[PDB]
Structures are given as structure tokens and as C-alpha cells.
Amino acid sequence: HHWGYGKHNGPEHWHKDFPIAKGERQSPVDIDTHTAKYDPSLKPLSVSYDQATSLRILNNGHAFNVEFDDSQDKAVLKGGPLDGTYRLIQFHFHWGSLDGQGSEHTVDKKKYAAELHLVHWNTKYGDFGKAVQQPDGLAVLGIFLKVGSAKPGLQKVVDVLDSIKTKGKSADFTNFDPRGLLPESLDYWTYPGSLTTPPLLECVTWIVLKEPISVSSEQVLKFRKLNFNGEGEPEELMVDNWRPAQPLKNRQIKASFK
Ligand SMILES: N[C@H](Cc1c[nH]c[nH+]1)C(=O)O
Ligand SMILES: [Hg+2]
Ligand SMILES: [Zn+2]
């Protein structure tokens, strides 16, 4: 039936309905640090989230999305390997049932507790829908999460998940600053790829930060309290909604640092 994250509808079944699952630039992938090469030509990465305008948090049945208002240049990603401007439309996470797994991209095979993804779409294409029909239409900033000390700027998100336990629910989540989710350093690895959930469109330029942020056990815990099911249905906790690393094939990962 509908794609999910189980023994019967998980990643290993996605290709049947979504053939591109075995494509040439699928994500995520394992980042081999001793093979990625520093690129002296990458321009400084620019992440301008000052005028960000969050509007709503939504449980879509496989994760929760904090949607932003992108009808104007408010929150934009640029610089790095990107040409032009990319607008922040939404950010979501991928986590595990255990701190030992959860992230999608892996560093030298190491799996993080979770992984944050801020999705932006190339403004040169007018809108998200049109952007997802281009080789360079999207730009996703990936940030790893590791369990330890709590992340202040992430608590609003934590406290609100209670109101959106089940699939379909969506609470007003206005005025959330995504800057509180950015690690200190901006060093990153970048490669051409796709979205990690069906339709798995290969339209993404991945910008994966090396420095992970650390959240508390109590925080990630509440992420694990969510449900994949809809209200009034057998409870399936929302855990392990991450896709495993896919073949790198004929791609190269460039490091923004030496
Ligand atoms: N999860 C995708 C839709 C999505 C895109 N970005 C986040 N969610 C699907 O149901 O096919
Ligand atoms: Hg594409
Ligand atoms: Zn994602």
C-alpha cells in the first residue's frame, strides 16, 4: 500500500512504485571523509534566516513538517555550491528508536541520533512544484543531531508535538526561529542528489554540515512519542523514519574545508 517505514512498506519496497529509487543520484549516502576532496572554488556558504516566517507544524504520517511562508525572499540559502537564491519552504527530521541510529547520511559509516533537513527551492523556477522538475531545483541543508545537552532553540518544537501526536493534525507554529538549530560551524560536504522520501526526486544539491548539534535524551524522546497512525487507530510509534545509505555511483562529494 502507501509507502512507509516497515518490513512491508519500507525503503526496500519503494522502487516498485517509485523506480527512481535505483536511480543515478539517490540519497542519502555515506560520506567517506578520506575520499571527498576539498574544493577551493566553493564560495562561502550563506544562510540568512533573519526574517524567517514559520506558519505551521504538521504531522504528515511519517514525520512532522514546520512549514514556512515562502511567498517572498525571507529565509534564503545561497553561496557554497549554489548558484542563485533558494527559499526555505520547510524543515523536518529523521530519527531512530535508539540513539544509535536515525540519521540518513552517515559519516565514515557512523550513524547519528537524528538528522534535520531544511528544504529550499531555487527561486529561478517560480515555485516548489516547478523546481522539482529541475536538476538544480532544490537545496537541502542537512544537520546531524547527537544526544547530549539540550538544544534551547528546539524546545518550542518539542513542546508542540503533543498537539500533533497523530497523522493529519497540524498546530499553529508561528514565529519559530530556525537559527536556533544551526551548529556553530558551517563547514560542509556537498554532493548532487535527491529527496529521501517518495517520489525521491533527484533534484537536490546536498549541503551536509560536519558539525552536529546536540539535543537532550528527553528531547529526542518526545520525538519518539509521535505516531505514524491517524487518531483513533492502532498506535505505531513514529520511529526509524530514515532511509539507509544508497549507492554513490558516479558522483563525487566535495568538502568545503581542508
Ligand atoms: N513524504 C512525501 C511528501 C513530502 C515531501 N516532502 C515532505 N514530505 C510523500 O508522501 O510522497
Ligand atoms: Hg529533478
Ligand atoms: Zn529528509
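We count from 1, first residue shown onward.
Any Cβ shown, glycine's included, is placed from N, Cα and C.
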Which of the listed positions, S170, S194, does Swiss-Prot note as phosphoserine? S170
Can you match one of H105, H117 to the Zn(2+) site that Swiss-Prot gives for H92, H94? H117
Test of record reading: of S71, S163, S216, which one does Swiss-Prot tag as phosphoserine? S163
For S170 (phosphoserine), which residues in the same chain are close in space, meaning a Cβ under 8 Å from its Cβ, but six or more apart along the sequence? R56, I57, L58, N59, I164
For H117 (Zn(2+) binding site), the nonlocal same-chain Cβ neighbours (under 8 Å, six or more residues apart) come out as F91, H92, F93, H94, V140, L141, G142, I143, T196
Residues lining the Zn(2+) site besides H92, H94, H117 (CB within 8 A of their CB center) are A63, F91, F93, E104, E115, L116, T196
Would you count the other C-beta atoms found within 10 angstroms of the C-beta of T196 (substrate binding site) for me? 24
